[PDB]
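Next come structure tokens for two forms of one protein chain, structure 1 first, structure 2 second.
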Structure 1
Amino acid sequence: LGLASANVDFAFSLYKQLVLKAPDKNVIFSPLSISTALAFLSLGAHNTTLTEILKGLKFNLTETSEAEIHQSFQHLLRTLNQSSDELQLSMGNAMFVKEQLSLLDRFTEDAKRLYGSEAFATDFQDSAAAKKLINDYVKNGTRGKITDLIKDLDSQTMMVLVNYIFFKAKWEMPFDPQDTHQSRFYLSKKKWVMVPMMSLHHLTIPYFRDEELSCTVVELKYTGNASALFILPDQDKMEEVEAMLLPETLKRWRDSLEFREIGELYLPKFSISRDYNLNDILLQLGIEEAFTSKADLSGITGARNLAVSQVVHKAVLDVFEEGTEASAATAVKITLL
């Protein structure tokens, strides 16, 4: 729907930034996870601290109220939080609160009905323990993937808002591990490399090749309401293509895609992990005040004493012959002003 195009919009801006940082490196993150956690945080924000996040997320307040937006998130978590037979989807939200603190009811309830958040009283006093506790909830929810989410813990940390997402799915037309073999993978215009290339032959898959952008779009579906769209820009087109990553250029890919028999398809078999500290990225996206001493998070307790310290994000992605596993977590470090 409309507010789904916001989420897409927020994904591409976040990507555009993460690349400005280290273009040369691979990328991997879940946009949905990030958007849910800052929408969750937003549940506790007020005034400008609120406008900002709700605008850093790419929402059009001119046409949407804060209740409609929060609702969007509940319906969505409701709809997708369900593992089919051949496709596992899991989404979780929890709030780790230090024992001393009593949080407003409106907040604890809204957390429950709206985002399905689980509470946990914590002793952020003894960092060592509080830490492990959060890490278990994440690794537990990600079936052993995100294992080092929180690595350090401020003894001043009054609260932490977490979100995890897990995806396990199979290919509709899986590769033959017997046919998997080494091949050249071009890092650059001349610097090649040997890599395990997974190959398939004579498949009829949703393809598309648009020249106005100089790239090729192929679609491989998973046995489930989920599919992977691989975009292959030509040599020296990557920049141009990332320039055009817009909710609309995506809308196009998915329309123009027409089934076709492909003689040969080659896809590397990869496994990648990435840690992220999102403070600077958020700042660039305009989510500023929440990080400042002018933090207005009164929605949580009932006074302007809380502020955000850090928003980190870990993701892992394995792409093998039989299918795909993917997973990520977002945690918001909330410190007392």
Structure 2
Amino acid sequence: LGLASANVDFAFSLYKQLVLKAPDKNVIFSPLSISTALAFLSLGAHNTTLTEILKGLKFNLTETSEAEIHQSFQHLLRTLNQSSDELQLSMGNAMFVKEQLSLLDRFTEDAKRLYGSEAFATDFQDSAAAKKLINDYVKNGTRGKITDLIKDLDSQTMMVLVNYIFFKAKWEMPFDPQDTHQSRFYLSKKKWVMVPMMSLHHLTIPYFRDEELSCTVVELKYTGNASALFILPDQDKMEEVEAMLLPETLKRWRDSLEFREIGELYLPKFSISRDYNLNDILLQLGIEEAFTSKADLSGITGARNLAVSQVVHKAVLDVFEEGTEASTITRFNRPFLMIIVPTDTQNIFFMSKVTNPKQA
């Protein structure tokens, strides 16, 4: 019910941190992949480590317990994977483990039941096979390295948790390549660059002019249960609009969207790919013990011998005339936001800021 709110709350909290690290760069990430990866990790955690992770994910433990959160993610995973051929949406989970490392049955069975995860015998003693075998399997997703706390000599990798997402879809109203023109994109009020600009003419789509936050929201739907929300702040009002990115503002926009006969729409063709280390960012959002000697991941092995060495996230989005792919004149010729979102939920599959499409 209000567990998607936690996921959205988390999405925008994380986005703001990503933005502080690179003020004027393109942003692209799957917040759901991170939430599901962290929830998946929390299956093996206890006490303060478990508490920091759930609270960090923006769940309120006053109204929803641990089991209900894991059931929520289990139910969500079934609703994405299955099934419609017209739009290819899927999210999986996996864990690469050291061979002799023995796990608790509880953990592996819950990992299988709740998250569909399965162990793969892996040798981490060479970084060639280890880091390559994983990157094939994961193109868009997030990975959590677990390390031995604990051993005297070295801090060796014991386990890697993984959550991937895949998204390939076509527009309900696709752009005609014949109408794609090179055109101005303003990086700042004075400074611009030539970009491939797609356009649609005389179409009717959900629209909402938000006068208070000085931004225009438009919804371009895909065939299937998903849609791209594009938000266009007025010049110099991007930072103000980012400040207002909250669960309440996203719900409002979507409820406020009403069909309007647009004369001309211009959206740039763009392809953003970003790689993030999330250690510092997760630390700021109140997940600290898991990266410490004080970490309690005894739910994995049975002893407090495991700690999170690192959490990374890689995402790639292509927006083009035919559709989107994870590898009144409304004109998007200045920095904008794209939020990809399912039809019947508040969750966020992907989110991005496009500052310069000739970049990333």
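Structure 1's sequence is the ruler for residue numbers, which start at 1. Rigid core here is just the name for the largest C-alpha set that superposes within 1.5 Å across the two forms.
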Of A111, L220, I146, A169, Cα shift of 2 Å or more between structure 1 and structure 2 on rigid-core superposition seen only for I146
Q. Rigid core fitted, then: does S155 show a CA shift of 2 angstroms or greater between structure 1 and structure 2?
A. yes
Between-form comparison on the rigid core puts the Cα shift of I272 between structure 1 and structure 2, in Å, at 0.9
Aligning on the rigid core, one finds that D136 shifts at its CA between structure 1 and structure 2, in Å, by 2.7
